[PDB]
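Here are two versions of the same chain, shown separately as structure tokens and labelled structure 1 and structure 2.
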Structure 1
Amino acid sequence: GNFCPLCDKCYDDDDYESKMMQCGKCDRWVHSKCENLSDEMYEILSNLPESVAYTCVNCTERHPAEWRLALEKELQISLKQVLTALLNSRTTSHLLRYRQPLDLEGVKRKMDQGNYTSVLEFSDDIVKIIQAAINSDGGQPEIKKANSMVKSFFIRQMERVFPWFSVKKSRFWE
């Protein structure tokens, strides 16, 4: 019988819906619900498991656990990858870098200080900035065309780095 070490429940009869992660050292599985992990962090881990190298309680050596540090780090590197891509675009930067962060520079300062703890927080901050700009940059034709280009560029960057994340469903899009 294969049991989750954190609830002691056998998972042999667990249905497909049971979200779990595998320990890379002993191949045993652990329920996401039994671990200190949010839905987001579970998906980040599951999208690229080898980057975190999760280890169960029986195989974990140090505290805090190495996998936890690795996963936290991964989140930060991923957020930075998205912001860097946006800032490296002249047009996007022109429109959004310089005007709760109110511009991309504000997001950069908040991020560099390691203040972002979730993808949704980071995403919403940026969606709000983009939508605010779209709502206020006027009606010049080139501006109208750029508005859609910028929104799409952001969505593409988020889908590349966080494919499991619903950026299109942000409550802050109008």
Structure 2
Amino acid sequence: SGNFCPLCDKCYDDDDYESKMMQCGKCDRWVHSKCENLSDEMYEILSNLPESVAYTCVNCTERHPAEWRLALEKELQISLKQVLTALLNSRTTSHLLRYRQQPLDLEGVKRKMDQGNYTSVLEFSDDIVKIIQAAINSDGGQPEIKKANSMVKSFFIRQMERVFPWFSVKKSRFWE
């Protein structure tokens, strides 16, 4: 009916799905997300990798870094970049946000992205929400600007929900 996590030795029931754990494809043991030093974001992303990418515990992993760790790292960057290129390639948003005049604009977001400094979906989305909301606060009551900013806002939210279904973009602290 159960066993113990091979790392922390806490017990678990085979039928208890109210936990955050991964099951090793080789020994069948379950390991806590925390025991692999995985954040909640990474656990969600891991849950979405292809079935062909098996999780393997520390005991059953013969080659380090484990294949799932490589796939997870790449999947995160790919997913983030996906959203960023879609914005950079969007005429309207690029127009209004890529170049302005800590990321002050989408170009700043890219430099950060390229330097490999983005790990958190929350931080990435927050940086973009800040840029969008900043444009909105300075619409100047100009109606064509508002319509435009409202459109890039919905576009961003849709891009985020599709790439990161488990993430609440609408809850961002930076929306006003």
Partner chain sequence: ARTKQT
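One-based numbering along structure 1's sequence throughout. The term rigid core refers to the most C-alpha atoms you can superpose between the two forms while keeping them within 1.5 Å.
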{"item": "Answer for which single form is the form solved in complex with its partner chain", "value": "2"}
{"item": "Shifted position (C-alpha, 2 Å or more, core held fixed) between the two structures, chosen from 41, 52, 119, 126", "value": "52"}
{"item": "Core fit, then residue 156 C-alpha moves 2 Å or more between the two structures", "value": "no"}
{"item": "Residue 105 C-alpha shift between the two structures of 2 Å or more, rigid core reference", "value": "no"}
{"item": "Following rigid core superposition, Cα shift of residue 70 between the two structures in Å", "value": "1.9"}
{"item": "Displacement in Å of the C-alpha of residue 86 between the two structures, rigid core kept as reference", "value": "0.6"}
{"item": "Distance the CA of residue 14 travels between the two structures [rigid core superposed, Å]", "value": "6.3"}
